2 protein chains.
Amino acid sequence: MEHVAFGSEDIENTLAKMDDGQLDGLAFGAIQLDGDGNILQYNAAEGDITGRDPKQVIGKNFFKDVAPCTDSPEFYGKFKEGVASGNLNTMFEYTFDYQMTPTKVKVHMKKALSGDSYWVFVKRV
Amino acid sequence: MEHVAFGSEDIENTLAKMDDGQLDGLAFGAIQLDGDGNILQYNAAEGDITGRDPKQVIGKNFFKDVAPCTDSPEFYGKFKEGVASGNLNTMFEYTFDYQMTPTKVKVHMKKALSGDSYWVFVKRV
Ligand SMILES: *C(=O)/C=C/c1ccc(O)cc1
Ligand SMILES: *C(=O)/C=C/c1ccc(O)cc1
């Protein structure tokens with residue numbers, strides 16, 4: 001495992017150094033999106049929570065294709081505000097329920113250090 | 001019962017001699033984790049507090065699987081700091097609320113004497 005806690009204040013600095021395998025070592029789900037919501041990275045812990053295969057979702061659009069239940073003011077709306085403002089750091093609970101048993105999670109979206117990159121972190125609640 | 005008090009200054013020396021049955025005799029919950037948070041030992045008193053079955057949780061990851069509510073800077077963050085520094089001795093109250101009635105506890109994490117081992121002690125408050 002990689003010793004990083006969900007919600008940590010410097011998470012964007014710690015995860016900037018991680019390859020695919022290190023991201024797969026986290027205690028929580030980690031998704032990286034571009035500013036349009038296309039999936040750039042997606043770790044194994046996320047697949048443990050939602051059942052998706054981390055290899056197959058890369059390149060798909062999170063809001064349009066993978067996670068339409070997040071296409072709402074309360075999730076996508078917050079994401080796109082943060083993208084437009086160039087700052088994003090918001091945490092909230094949510095339920096993931098598309099083609100799956102409804103699963104309540106805590107979500108933390110935070111702008112990455114890489115250009116045009118935004119993290120979506122997920123854990124069970 | 002085993003005559004050891006929660007928070008005692010030499011608890012790591014006293015619990016080094018205990019088998020499963022002696023650990024099960026303590027007045028408080030006692031979990032032993034490796035440095036990644038995988039569960040090595042887990043006593044009966046802990047199961048009385050949180051409802052989990054001590055045999056089934058051995059080998060699971062505390063922060064990723066069993067106790068996601070502890071995957072936070074205030075619990076896991078402190079744990080991993082103590083692991084990285086090779087010293088850990090911290091006590092704090094916390095609420096355990098994953099798939100259970102929220103239960104307020106006092107937590108004491110302390111490095112064990114065994115290599116790559118860390119105690120998490122729990123009592124109700
Ligand atoms: C709602 O449609 C949520 C879908 C979802 C969220 C997170 C994932 O890893 C996969 C699908
Ligand atoms: C939060 O998710 C806490 C969970 C928990 C703590 C302690 C246990 O013995 C079992 C589950």
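Note on naming: letters A, B, ... go to the chains in the order of the sequence lines (proteins, then strands), and numbering restarts at 1 for each one. Scope of the values below: all heavy atoms of this structure, side chains included, with no hydrogens, waters or symmetry mates.
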Task: Nearest-0.5 Å distance, CD1 of residue A:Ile39 to CD of residue A:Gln32 - done: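 Reported value, rounded in 0.5 Å steps: 11.5 Å.
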Assess whether atom [atom1] of [X] is packed by more than 12 heavy atoms of other residues, nucleotides or ligands within 6.0 Å.
X        : atom1 : answer
A:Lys104 : NZ    : yes
B:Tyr94  : OH    : yes
B:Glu9   : CD    : no

- [ ] Would you please indicate if the ring centroids of A:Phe63 and A:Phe79 are separated by under 6.0 Å?
- [x] yes
Open item on the list: Are B:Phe75 and B:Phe92 an aromatic pair, judged by ring center distance below 6.0 Å?
Closed with: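 Between B:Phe75 and B:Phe92, which both carry aromatic rings, the centre distance is below 6.0 Å.
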Open item on the list: Side-chain heavy atoms under 4.5 Å apart, restricted to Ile/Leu/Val/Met/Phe/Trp/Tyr: what other residues fall into the cluster of B:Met18, or is it alone?
Closed with: B:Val4, B:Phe6, B:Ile11, B:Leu15, B:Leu23, B:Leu26, B:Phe28, B:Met91, B:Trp119, B:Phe121
Is there a donor-acceptor pair under 3.5 Å between the side chain of [X] and the backbone N or O of [Y]?
X       : Y       : result
A:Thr90 : A:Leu88 : no
A:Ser85 : A:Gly82 : yes
B:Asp71 : B:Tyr76 : no

- [ ] Indicate whether any N or O donor in one side chain lies under 3.5 Å from an N or O acceptor in the other, for A:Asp24 and A:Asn43.
- [x]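 Per modelled atom types, A:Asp24 and A:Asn43 side chains form no pair under 3.5 Å.
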Open item on the list: For B:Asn38 and B:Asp34, which I'm curious about, is there any donor-acceptor pair between the side chains at under 3.5 Å?
Closed with: yes
Task: Any pair counted as side-chain hydrogen bond (donor to acceptor under 3.5 Å, both in side chains), so long as it reaches residues 10-20 of chain B, sequence neighbours left out - done: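 Residue pairs with at least one partner in residues 10-20 of chain B: B:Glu12-B:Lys110.
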